[PDB]
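Visitor: Once you've had a glance at the structure underneath, I'll fire off some questions.
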Amino acid sequence: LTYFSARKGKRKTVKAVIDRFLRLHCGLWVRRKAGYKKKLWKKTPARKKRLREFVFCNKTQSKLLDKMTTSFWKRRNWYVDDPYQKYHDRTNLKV
Amino acid sequence: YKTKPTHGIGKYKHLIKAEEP
Amino acid sequence: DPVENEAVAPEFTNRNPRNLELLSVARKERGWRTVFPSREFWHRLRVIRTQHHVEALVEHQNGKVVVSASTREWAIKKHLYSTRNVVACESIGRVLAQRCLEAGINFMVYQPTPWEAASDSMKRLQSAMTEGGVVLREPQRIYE
Amino acid sequence: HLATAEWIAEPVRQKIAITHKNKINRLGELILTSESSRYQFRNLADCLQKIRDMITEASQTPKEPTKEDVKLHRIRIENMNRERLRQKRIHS
Amino acid sequence: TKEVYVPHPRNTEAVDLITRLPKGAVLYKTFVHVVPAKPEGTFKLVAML
Amino acid sequence: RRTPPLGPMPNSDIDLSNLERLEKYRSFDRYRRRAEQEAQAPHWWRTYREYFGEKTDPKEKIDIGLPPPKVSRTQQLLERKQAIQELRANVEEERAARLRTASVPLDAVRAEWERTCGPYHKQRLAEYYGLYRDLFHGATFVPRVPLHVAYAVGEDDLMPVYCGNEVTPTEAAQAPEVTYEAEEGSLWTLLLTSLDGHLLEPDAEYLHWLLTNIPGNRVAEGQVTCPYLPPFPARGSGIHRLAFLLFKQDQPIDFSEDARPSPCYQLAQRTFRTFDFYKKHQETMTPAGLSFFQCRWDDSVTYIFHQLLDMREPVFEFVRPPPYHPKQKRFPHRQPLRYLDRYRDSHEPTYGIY
Amino acid sequence: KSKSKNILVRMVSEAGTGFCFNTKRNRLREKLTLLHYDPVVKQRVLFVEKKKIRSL
Amino acid sequence: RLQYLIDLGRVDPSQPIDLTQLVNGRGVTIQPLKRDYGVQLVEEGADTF
RNA sequence: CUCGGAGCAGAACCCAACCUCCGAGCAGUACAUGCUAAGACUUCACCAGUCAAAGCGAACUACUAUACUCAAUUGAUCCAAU
Ligand SMILES: [K+]
Ligand SMILES: [Mg+2]
Ligand SMILES: [Mg+2]
């Protein structure tokens, strides 16, 4: 990671992360399953359905992904007709 | 289970003659 | 000025053993997949064939006999040349079907062995039950 | 009040009472309720759409044979056997 | 619990075993059960029409 | 570590020295028959019956019914054997059986069954339906007097009441035609109760009909202690049980305490418990006959509630327990995106402070 | 890693929807024509092999 | 939010309301440099409007 | 040098050696091995992997039938072809 850029002296974003993960404003990260497009001919339908799921990351991964991205990516966005709009805010979450 | 009094209730191969090719 | 007759408990208690069964919401006993026969039924037709007699039982999954027809009964035996042949098995089906309708039993499962199912006796006994009104399959449980 | 309502037609009035007899109370009022939204507006809009659907269905007089529900299939067999137990008087 | 084990008649291997057993001999196997805790549902007064 | 068995272990009496000489099952059906017998025996280990079998009381059920009829077994057996010989002697009978064209007359079978095994079959079926458990708190009786209840439907048809056959409230609008075999000078009491109908109290019943001091079998001449009320099973409440209990009175009895005003349209007054009623009159009264049917709601029940009972109709609904979900966690690792929907109250977009 | 006895092929629906699925067939056997469920038309339709994806 | 701003005098309903009046009343904060294209009117609060 | 079964490791789980043995890198039958979805398991992390009620759509008139038989029978990302 570049903590202080030579031109601006500012922390940089790892763009590899942006290409693979969606960050919900609540702090959750959404990813796709590895191998979900690989050798489908030898995989069962149950396995293939699991591979198509959009799944959440754990705390440790979430902390790493937060460090590898700048604050711009953590802002609240209001994209029109956003598919993931509902998932940005948690509900009935105790601790 | 071994320790329990019901140990071996499912034994069945002593009731059948051994098979030899 | 409340009406005394309109005093109704918030929850209705129906103690009829058949109520949830007749609504097809009662649990069937699922499982037992590695053994025979299945337990997933409310009522089953069970036919007992002996050297001398033919008996057919309708019993609940809990093991209570509901209705029965046997060639041991004088009412049936007096009209039978033989109590052990195909005619006796067909007659038992006809008698049992009538008793089932009078008891309110319109559905049951029949769980024959492969040789029993292929036999002419059991085929004639099944036709008698279906002709008599009883359906030998049970409606599926409603889970939702 | 369904019977008094003059904005609905008389034949339609009489056919709605039969089809939706389970929604008419002792006083004769057809009661419709919607609780599917957070907003009173949408709840009222759904209730009003139900009224408009009832009148459309009654006037349409559809003769298309609808597919039998599973709960109805069992009742059909049960009704058949109840008719099969019906007897006639020995000396009428 | 421990229950009497009767195989399916279509299960050729198990059926062969039981037909070779000596008369009066019953096989036993361990079974695992779930005793339902709650009822399927309750009738509740919904209206007074 | 080992523990000795607490009793005889299965497959212990088998002699394993002479295994080759011991007889084998050889058939699936012979093993299954023995296996079913073994399953029914009591065991000292844990069994399915222990956890799922209904817990019957150890003491036997008290019999409160009429004495068994006395029969000469020798004479009966002689006559029965003679009849079979005559039937088998007929050549036409043998050919019909051999060619599988013979049939039994169902009407005659039912008539003989009603005289012989009918009562025990009715008792078995009444026990299964829970009538003895609810009406008499587990006490059983053999219905030795056949009772024939039929609801006149139309002018040319009847709806017979047997033992759990379904009869609709519309068919039961008027009192049924009750006929039983009774000697001259005897007295009888006929009641109709709804075991499941009661709305306010779970254990109570509704006394739909009560006829007392019936002379012989002339039901019309009996005293109308309680007038007839058609069944009113509430919508969505399920299938109810209505039982006709015939009683044989040793002597004339006074039912002034049980007298209900004519007409009786107060559900509080209709409230009735058969056990309490029989207990006070047990000394002079014995259960004789039994019939019952199964009744669910129909549109005629609305008429009963609105007009006869002058009350609003109670509607019920079968409500299932709410679905279980584990406690929501801040990071649901490896769970699909629909995890969040499981814990969402509403489906409409929320904007918070904005 | 072994003698190639089977091959993977693309079965194309004859309904004109364009829905395709991949099936395995013996190399020496004739082209497969199968009755397979087509989600686009929501009923079972005849499929015909068009191409060989790879050797299995 | 719109009703709350009107009740407190921060937005005047006697004149035409637009983005300028909403911004001048501190009702909404628009960020054109963050690809904001204006305000979307959302139904929350319709029952009490 | 990866994967599976057995012993060491006797009875919940786990457990090493250039320890002791045997295997795998497929094949065969389906062509609804369609879709969707509670609740769980998990090779000690992650990745990956595993089992599934109900439901939709089918099938069905009893071929131990609706998550095929089989123990392992296998390869991430980028990229390329389409
Ligand atoms: K009740
Ligand atoms: Mg783990
Ligand atoms: Mg299912």
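Every chain in the structure tokens takes a letter, A first, then B, and so on in the order presented; its residues are numbered from 1, and the ligands are numbered from 1 following the presented order.
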Can you check which parts of chain G lie within 10 Å of chain A? Per residue, the shortest pair of atoms and distance in Å to one decimal, counting only C-alpha atoms, sorted by chain and number, as JSON lines.
Guide:
{"residue": "G:8", "atom": "CA", "partner": "A:41", "partner_atom": "CA", "distance": 8.4}
{"residue": "G:21", "atom": "CA", "partner": "A:41", "partner_atom": "CA", "distance": 9.3}
{"residue": "G:22", "atom": "CA", "partner": "A:41", "partner_atom": "CA", "distance": 6.9}
{"residue": "G:23", "atom": "CA", "partner": "A:41", "partner_atom": "CA", "distance": 7.7}
{"residue": "G:24", "atom": "CA", "partner": "A:41", "partner_atom": "CA", "distance": 8.6}
Visitor: What does the file look like for those residues with N, CA, C and O atoms, as a PDB file, in the first residue's frame?
Guide:
ATOM      1  N   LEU G   8     -17.172 -33.650 -24.705  1.00  0.00           N
ATOM      2  CA  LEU G   8     -18.172 -32.675 -24.293  1.00  0.00           C
ATOM      3  C   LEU G   8     -18.707 -31.937 -25.514  1.00  0.00           C
ATOM      4  O   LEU G   8     -17.940 -31.512 -26.382  1.00  0.00           O
ATOM      5  N   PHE G  21     -27.195 -26.210 -23.297  1.00  0.00           N
ATOM      6  CA  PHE G  21     -26.582 -26.934 -22.195  1.00  0.00           C
ATOM      7  C   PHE G  21     -25.531 -27.883 -22.753  1.00  0.00           C
ATOM      8  O   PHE G  21     -25.582 -28.286 -23.918  1.00  0.00           O
ATOM      9  N   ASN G  22     -24.569 -28.231 -21.905  1.00  0.00           N
ATOM     10  CA  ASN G  22     -23.448 -29.079 -22.287  1.00  0.00           C
ATOM     11  C   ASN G  22     -23.654 -30.486 -21.742  1.00  0.00           C
ATOM     12  O   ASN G  22     -23.969 -30.660 -20.561  1.00  0.00           O
ATOM     13  N   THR G  23     -23.481 -31.484 -22.605  1.00  0.00           N
ATOM     14  CA  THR G  23     -23.618 -32.882 -22.226  1.00  0.00           C
ATOM     15  C   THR G  23     -22.398 -33.661 -22.698  1.00  0.00           C
ATOM     16  O   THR G  23     -21.694 -33.253 -23.626  1.00  0.00           O
ATOM     17  N   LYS G  24     -22.158 -34.795 -22.047  1.00  0.00           N
ATOM     18  CA  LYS G  24     -21.048 -35.680 -22.376  1.00  0.00           C
ATOM     19  C   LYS G  24     -21.574 -36.872 -23.166  1.00  0.00           C
ATOM     20  O   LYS G  24     -22.574 -37.485 -22.778  1.00  0.00           O
TER      21      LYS G  24
END
Visitor: How would you report the residues lying within 6 Å of ligand 1, as a PyMOL selection string, if you count only C-alpha atoms (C1' of nucleotides) and all ligand atoms?
Guide: (chain C and resi 12-14) or (chain F and resi 196-199+202)
Visitor: Restrict the selected residues to N, CA, C and O atoms and save them as a short mmCIF file (atom, residue, chain, number, x, y, z; two decimals), in the first residue's frame.
Guide:
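Saved to result_22.cif:
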data_model
loop_
_atom_site.label_atom_id
_atom_site.label_comp_id
_atom_site.auth_asym_id
_atom_site.auth_seq_id
_atom_site.Cartn_x
_atom_site.Cartn_y
_atom_site.Cartn_z
N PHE C 12 -59.17 -21.02 20.01
CA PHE C 12 -60.12 -22.13 19.94
C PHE C 12 -59.40 -23.44 20.23
O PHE C 12 -58.35 -23.72 19.66
N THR C 13 -59.98 -24.24 21.13
CA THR C 13 -59.44 -25.55 21.47
C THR C 13 -60.31 -26.61 20.82
O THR C 13 -61.47 -26.79 21.19
N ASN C 14 -59.75 -27.32 19.84
CA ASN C 14 -60.41 -28.44 19.19
C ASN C 14 -59.69 -29.71 19.60
O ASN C 14 -58.54 -29.94 19.21
N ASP F 196 -66.55 -30.51 20.70
CA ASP F 196 -65.59 -29.49 20.31
C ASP F 196 -66.20 -28.12 20.06
O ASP F 196 -65.46 -27.17 19.80
N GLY F 197 -67.52 -27.99 20.14
CA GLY F 197 -68.16 -26.75 19.74
C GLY F 197 -67.92 -25.59 20.68
O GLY F 197 -67.92 -24.43 20.25
N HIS F 198 -67.72 -25.86 21.96
CA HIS F 198 -67.73 -24.80 22.96
C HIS F 198 -66.70 -23.72 22.63
O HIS F 198 -65.55 -24.02 22.31
N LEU F 199 -67.14 -22.47 22.71
CA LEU F 199 -66.34 -21.32 22.31
C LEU F 199 -65.50 -20.77 23.46
O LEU F 199 -64.32 -20.46 23.28
N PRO F 202 -62.49 -24.66 27.07
CA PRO F 202 -61.97 -25.78 26.27
C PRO F 202 -62.57 -27.13 26.65
O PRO F 202 -62.85 -27.94 25.77
#
Visitor: Could you list, as a PyMOL selection string, all residues that come within 8 Å of ligand 2? Count only C-alpha atoms (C1' of nucleotides) and all ligand atoms.
Guide: chain I and resi 42-45
Visitor: Let me have all residues with an atom within 8 Å of ligand 3, counting only C-alpha atoms (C1' of nucleotides) and all ligand atoms, laid out as number ranges by chain.
Guide: I: 53-55, 66
Visitor: Return the single residue from C:59, C:91, C:106, C:76 that is closest to residue D:79, with distances computed using only C-alpha atoms.
Guide: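 Counting only C-alpha atoms, the residue closest to residue D:79 is C:106.
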Visitor: Counting only C-alpha atoms, which residues from chain D have an atom at most 8 Å from any atom of chain H, and could you show them as a list in words?
Guide: residues 39, 40 and 41 of chain D
Visitor: Enumerate as a PyMOL selection string all residues of stretch 30-262 of chain F assigned to strand (DSSP E) by DSSP on the backbone, naming them with the chain letters and numbers the document uses.
Guide: chain F and resi 147-153+157-161+163-166+177-180+187-194+205-215+223-226+240-249
Visitor: Please provide the set of residues having any atom within 9 Å of residue D:27, restricted to only C-alpha atoms (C1' of nucleotides), with same-chain residues fewer than 3 positions apart removed, written as a list in words.
Guide: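 Here the qualifying residues turn out to be residues 1 and 24 of chain D; 49 of chain E.
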Visitor: Can you write out the residues you just picked, keeping N, CA and C atoms, as a compact mmCIF listing (two decimals), in the first residue's frame?
Guide:
# COMPACT_ATOMS: atom_id res chain seq x y z
N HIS D 1 -72.12 -0.37 2.99
CA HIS D 1 -73.31 -1.21 2.91
C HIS D 1 -73.53 -1.63 1.46
N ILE D 24 -68.85 -9.98 4.40
CA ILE D 24 -70.02 -9.18 4.76
C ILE D 24 -70.41 -9.52 6.19
N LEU E 49 -67.61 -11.46 12.55
CA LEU E 49 -68.47 -10.98 11.47
C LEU E 49 -69.92 -11.42 11.68
Visitor: List every residue of chain E that has an atom at most 8 Å from any atom of chain C, and for each one report the closest atom pair and its distance in Å to one decimal, counting only C-alpha atoms, with rows sorted by chain and then by increasing residue number, as a tab-separated table.
Guide:
residue	atom	partner	partner_atom	distance
E:5	CA	C:35	CA	6.6
E:6	CA	C:35	CA	5.6
E:7	CA	C:35	CA	4.8
E:8	CA	C:36	CA	4.9
E:9	CA	C:113	CA	6.7
E:10	CA	C:114	CA	8.0
E:40	CA	C:26	CA	6.7
E:42	CA	C:11	CA	7.2
E:43	CA	C:12	CA	5.3
E:44	CA	C:11	CA	4.6
E:45	CA	C:10	CA	5.1
Visitor: Residues as selected, C-alpha atoms, written as a compact mmCIF listing (two decimals), in the first residue's frame, can you do that?
Guide:
# COMPACT_ATOMS: atom_id res chain seq x y z
CA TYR E 5 -34.36 -53.43 12.00
CA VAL E 6 -36.46 -54.58 9.04
CA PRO E 7 -34.86 -53.81 5.64
CA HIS E 8 -36.68 -52.85 2.48
CA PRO E 9 -37.67 -55.88 0.36
CA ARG E 10 -35.97 -54.23 -2.63
CA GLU E 40 -48.22 -27.34 14.13
CA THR E 42 -53.25 -22.89 16.99
CA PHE E 43 -56.66 -21.63 15.92
CA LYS E 44 -57.02 -17.94 16.78
CA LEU E 45 -60.07 -15.67 16.77
Visitor: Determine which residues of chain I sit within 12 Å of chain E, taking into account only C-alpha atoms (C1' of nucleotides), and present them as a PyMOL selection string.
Guide: chain I and resi 62-64
Visitor: F:254, F:125, F:223, F:307: which is nearest residue C:58, counting only C-alpha atoms?
Guide: F:125
Visitor: May I have the residues of chain F within 8 Å of chain D, counting only C-alpha atoms, written as number ranges by chain?
Guide: F: 155-160, 165-167, 306, 312, 348
Visitor: Atom CA of residue F:40 to atom CA of residue F:17: how many Å, to one decimal?
Guide: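 Straight-line distance from atom CA of residue F:40 to atom CA of residue F:17 works out to 28.9 Å.
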Visitor: Do you know which residues are at most 9 Å from stretch 7-17 of chain B counting only C-alpha atoms (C1' of nucleotides), after dropping those on the same chain fewer than 5 positions away, and could you put them as number ranges by chain?
Guide: B: 1-2; E: 2, 17, 20-22, 25-30; F: 2-5, 9-11, 14, 16, 19-20
Visitor: Would you pick out the contacts of residue C:125 at 6 Å or less, using only C-alpha atoms (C1' of nucleotides), so that residues sharing its chain but fewer than 6 positions from it are not included, and give the list as a PyMOL selection string?
Guide: chain C and resi 89-90+93
Visitor: Write the residues of the selection above to a file with N, CA, C and O atoms, as a PDB file, in the first residue's frame.
Guide:
ATOM      1  N   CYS C  89     -60.543 -62.449  -0.369  1.00  0.00           N
ATOM      2  CA  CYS C  89     -59.790 -61.202  -0.302  1.00  0.00           C
ATOM      3  C   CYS C  89     -60.564 -60.057  -0.946  1.00  0.00           C
ATOM      4  O   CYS C  89     -60.566 -58.934  -0.430  1.00  0.00           O
ATOM      5  N   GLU C  90     -61.222 -60.317  -2.077  1.00  0.00           N
ATOM      6  CA  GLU C  90     -62.051 -59.287  -2.693  1.00  0.00           C
ATOM      7  C   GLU C  90     -63.243 -58.941  -1.813  1.00  0.00           C
ATOM      8  O   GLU C  90     -63.618 -57.769  -1.699  1.00  0.00           O
ATOM      9  N   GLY C  93     -62.219 -56.622   0.994  1.00  0.00           N
ATOM     10  CA  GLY C  93     -62.082 -55.255   0.521  1.00  0.00           C
ATOM     11  C   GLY C  93     -63.414 -54.535   0.441  1.00  0.00           C
ATOM     12  O   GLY C  93     -63.533 -53.377   0.842  1.00  0.00           O
TER      13      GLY C  93
END
Visitor: I need the chain A residues near chain I as a PyMOL selection string; criterion: at most 10 Å, counting only C-alpha atoms (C1' of nucleotides).
Guide: chain A and resi 33-35+38+43-47+49+58+60-61
Visitor: Which of chain H end up as helix (DSSP H, G or I) when DSSP is run on this backbone - answer as a ChimeraX atom specification?
Guide: /H:2-7,19-24,32-34
Visitor: Filtering to N, CA, C and O atoms, could you give me those residues as a PDB file, in the first residue's frame?
Guide:
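Result file is result_34.pdb:
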ATOM      1  N   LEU H   2     -39.494  18.010   4.628  1.00  0.00           N
ATOM      2  CA  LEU H   2     -40.076  19.195   4.008  1.00  0.00           C
ATOM      3  C   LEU H   2     -41.066  19.877   4.944  1.00  0.00           C
ATOM      4  O   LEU H   2     -41.060  21.106   5.077  1.00  0.00           O
ATOM      5  N   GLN H   3     -41.927  19.096   5.599  1.00  0.00           N
ATOM      6  CA  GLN H   3     -42.893  19.679   6.523  1.00  0.00           C
ATOM      7  C   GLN H   3     -42.193  20.298   7.726  1.00  0.00           C
ATOM      8  O   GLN H   3     -42.567  21.387   8.178  1.00  0.00           O
ATOM      9  N   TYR H   4     -41.173  19.619   8.252  1.00  0.00           N
ATOM     10  CA  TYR H   4     -40.436  20.145   9.395  1.00  0.00           C
ATOM     11  C   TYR H   4     -39.778  21.477   9.058  1.00  0.00           C
ATOM     12  O   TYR H   4     -39.777  22.402   9.879  1.00  0.00           O
ATOM     13  N   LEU H   5     -39.215  21.597   7.855  1.00  0.00           N
ATOM     14  CA  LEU H   5     -38.595  22.856   7.453  1.00  0.00           C
ATOM     15  C   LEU H   5     -39.634  23.959   7.300  1.00  0.00           C
ATOM     16  O   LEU H   5     -39.362  25.124   7.615  1.00  0.00           O
ATOM     17  N   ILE H   6     -40.827  23.618   6.809  1.00  0.00           N
ATOM     18  CA  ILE H   6     -41.883  24.615   6.658  1.00  0.00           C
ATOM     19  C   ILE H   6     -42.387  25.075   8.021  1.00  0.00           C
ATOM     20  O   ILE H   6     -42.649  26.265   8.231  1.00  0.00           O
ATOM     21  N   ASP H   7     -42.533  24.144   8.967  1.00  0.00           N
ATOM     22  CA  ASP H   7     -43.078  24.501  10.273  1.00  0.00           C
ATOM     23  C   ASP H   7     -42.152  25.438  11.036  1.00  0.00           C
ATOM     24  O   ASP H   7     -42.620  26.233  11.858  1.00  0.00           O
ATOM     25  N   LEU H  19     -34.401  24.299  -5.666  1.00  0.00           N
ATOM     26  CA  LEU H  19     -33.146  23.890  -5.046  1.00  0.00           C
ATOM     27  C   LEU H  19     -32.503  25.039  -4.281  1.00  0.00           C
ATOM     28  O   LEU H  19     -31.963  24.838  -3.187  1.00  0.00           O
ATOM     29  N   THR H  20     -32.549  26.252  -4.836  1.00  0.00           N
ATOM     30  CA  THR H  20     -31.938  27.393  -4.161  1.00  0.00           C
ATOM     31  C   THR H  20     -32.577  27.627  -2.798  1.00  0.00           C
ATOM     32  O   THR H  20     -31.879  27.783  -1.790  1.00  0.00           O
ATOM     33  N   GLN H  21     -33.910  27.653  -2.748  1.00  0.00           N
ATOM     34  CA  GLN H  21     -34.593  27.909  -1.485  1.00  0.00           C
ATOM     35  C   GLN H  21     -34.324  26.798  -0.479  1.00  0.00           C
ATOM     36  O   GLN H  21     -34.177  27.063   0.720  1.00  0.00           O
ATOM     37  N   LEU H  22     -34.260  25.550  -0.944  1.00  0.00           N
ATOM     38  CA  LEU H  22     -33.953  24.446  -0.041  1.00  0.00           C
ATOM     39  C   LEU H  22     -32.532  24.557   0.497  1.00  0.00           C
ATOM     40  O   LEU H  22     -32.292  24.321   1.686  1.00  0.00           O
ATOM     41  N   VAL H  23     -31.578  24.911  -0.365  1.00  0.00           N
ATOM     42  CA  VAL H  23     -30.199  25.072   0.083  1.00  0.00           C
ATOM     43  C   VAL H  23     -30.077  26.268   1.020  1.00  0.00           C
ATOM     44  O   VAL H  23     -29.394  26.199   2.048  1.00  0.00           O
ATOM     45  N   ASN H  24     -30.737  27.380   0.687  1.00  0.00           N
ATOM     46  CA  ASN H  24     -30.643  28.565   1.532  1.00  0.00           C
ATOM     47  C   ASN H  24     -31.275  28.329   2.897  1.00  0.00           C
ATOM     48  O   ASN H  24     -30.887  28.975   3.877  1.00  0.00           O
ATOM     49  N   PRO H  32     -22.423  18.860  -6.155  1.00  0.00           N
ATOM     50  CA  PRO H  32     -22.315  18.624  -7.604  1.00  0.00           C
ATOM     51  C   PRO H  32     -21.032  17.922  -8.003  1.00  0.00           C
ATOM     52  O   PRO H  32     -21.019  17.192  -9.002  1.00  0.00           O
ATOM     53  N   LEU H  33     -19.948  18.117  -7.251  1.00  0.00           N
ATOM     54  CA  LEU H  33     -18.681  17.484  -7.593  1.00  0.00           C
ATOM     55  C   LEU H  33     -18.678  15.994  -7.280  1.00  0.00           C
ATOM     56  O   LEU H  33     -17.790  15.278  -7.756  1.00  0.00           O
ATOM     57  N   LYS H  34     -19.646  15.511  -6.500  1.00  0.00           N
ATOM     58  CA  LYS H  34     -19.792  14.091  -6.206  1.00  0.00           C
ATOM     59  C   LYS H  34     -20.900  13.452  -7.038  1.00  0.00           C
ATOM     60  O   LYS H  34     -21.520  12.475  -6.604  1.00  0.00           O
TER      61      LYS H  34
END
Visitor: Residues of chain F within 6 Å of chain C, using only C-alpha atoms, as a PyMOL selection string?
Guide: chain F and resi 88+100+104+109+112-113+125+162-165+196+199-200+202+238-239+267+311
Visitor: What does the file look like for those residues with N, CA and C atoms, as a PDB file, in the first residue's frame?
Guide:
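Saved the output as part-v5.pdb:
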ATOM      1  N   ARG F  88     -70.886 -75.346   1.533  1.00  0.00           N
ATOM      2  CA  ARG F  88     -69.810 -75.975   0.778  1.00  0.00           C
ATOM      3  C   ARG F  88     -70.315 -77.144  -0.060  1.00  0.00           C
ATOM      4  N   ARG F 100     -63.819 -67.450  -9.424  1.00  0.00           N
ATOM      5  CA  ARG F 100     -63.684 -66.101  -8.879  1.00  0.00           C
ATOM      6  C   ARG F 100     -64.779 -65.174  -9.400  1.00  0.00           C
ATOM      7  N   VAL F 104     -70.239 -61.574  -1.835  1.00  0.00           N
ATOM      8  CA  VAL F 104     -70.998 -61.616  -0.587  1.00  0.00           C
ATOM      9  C   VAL F 104     -72.075 -60.537  -0.626  1.00  0.00           C
ATOM     10  N   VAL F 109     -74.342 -58.917   5.482  1.00  0.00           N
ATOM     11  CA  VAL F 109     -73.144 -58.874   6.315  1.00  0.00           C
ATOM     12  C   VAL F 109     -73.279 -57.800   7.386  1.00  0.00           C
ATOM     13  N   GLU F 112     -75.783 -58.885  10.208  1.00  0.00           N
ATOM     14  CA  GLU F 112     -75.176 -59.833  11.138  1.00  0.00           C
ATOM     15  C   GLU F 112     -74.060 -59.178  11.942  1.00  0.00           C
ATOM     16  N   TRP F 113     -73.263 -58.323  11.300  1.00  0.00           N
ATOM     17  CA  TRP F 113     -72.186 -57.638  12.006  1.00  0.00           C
ATOM     18  C   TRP F 113     -72.740 -56.751  13.112  1.00  0.00           C
ATOM     19  N   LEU F 125     -63.821 -47.874  17.684  1.00  0.00           N
ATOM     20  CA  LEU F 125     -63.811 -46.646  16.902  1.00  0.00           C
ATOM     21  C   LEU F 125     -64.120 -45.437  17.778  1.00  0.00           C
ATOM     22  N   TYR F 162     -73.502 -42.594  11.532  1.00  0.00           N
ATOM     23  CA  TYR F 162     -72.862 -43.849  11.881  1.00  0.00           C
ATOM     24  C   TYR F 162     -71.893 -43.575  13.019  1.00  0.00           C
ATOM     25  N   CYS F 163     -70.603 -43.427  12.738  1.00  0.00           N
ATOM     26  CA  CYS F 163     -69.594 -43.269  13.773  1.00  0.00           C
ATOM     27  C   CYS F 163     -68.413 -42.487  13.200  1.00  0.00           C
ATOM     28  N   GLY F 164     -68.643 -41.208  12.917  1.00  0.00           N
ATOM     29  CA  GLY F 164     -67.619 -40.327  12.393  1.00  0.00           C
ATOM     30  C   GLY F 164     -67.812 -39.924  10.951  1.00  0.00           C
ATOM     31  N   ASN F 165     -68.849 -40.417  10.284  1.00  0.00           N
ATOM     32  CA  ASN F 165     -69.158 -39.955   8.941  1.00  0.00           C
ATOM     33  C   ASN F 165     -69.578 -38.490   8.986  1.00  0.00           C
ATOM     34  N   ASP F 196     -66.553 -30.505  20.705  1.00  0.00           N
ATOM     35  CA  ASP F 196     -65.586 -29.492  20.307  1.00  0.00           C
ATOM     36  C   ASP F 196     -66.199 -28.119  20.063  1.00  0.00           C
ATOM     37  N   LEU F 199     -67.137 -22.466  22.705  1.00  0.00           N
ATOM     38  CA  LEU F 199     -66.336 -21.318  22.305  1.00  0.00           C
ATOM     39  C   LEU F 199     -65.500 -20.766  23.456  1.00  0.00           C
ATOM     40  N   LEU F 200     -66.101 -20.622  24.638  1.00  0.00           N
ATOM     41  CA  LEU F 200     -65.423 -19.952  25.741  1.00  0.00           C
ATOM     42  C   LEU F 200     -64.509 -20.895  26.517  1.00  0.00           C
ATOM     43  N   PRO F 202     -62.490 -24.660  27.070  1.00  0.00           N
ATOM     44  CA  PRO F 202     -61.975 -25.784  26.271  1.00  0.00           C
ATOM     45  C   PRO F 202     -62.572 -27.126  26.652  1.00  0.00           C
ATOM     46  N   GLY F 238     -62.200 -26.001  12.353  1.00  0.00           N
ATOM     47  CA  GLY F 238     -61.940 -27.404  12.118  1.00  0.00           C
ATOM     48  C   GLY F 238     -63.197 -28.248  12.097  1.00  0.00           C
ATOM     49  N   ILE F 239     -62.995 -29.544  12.318  1.00  0.00           N
ATOM     50  CA  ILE F 239     -64.061 -30.538  12.270  1.00  0.00           C
ATOM     51  C   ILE F 239     -64.407 -30.934  13.699  1.00  0.00           C
ATOM     52  N   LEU F 267     -75.894 -19.639  25.112  1.00  0.00           N
ATOM     53  CA  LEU F 267     -74.794 -20.595  25.111  1.00  0.00           C
ATOM     54  C   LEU F 267     -74.355 -20.935  26.527  1.00  0.00           C
ATOM     55  N   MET F 311     -75.988 -13.328  17.812  1.00  0.00           N
ATOM     56  CA  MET F 311     -74.615 -12.948  18.098  1.00  0.00           C
ATOM     57  C   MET F 311     -73.846 -12.855  16.791  1.00  0.00           C
TER      58      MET F 311
END
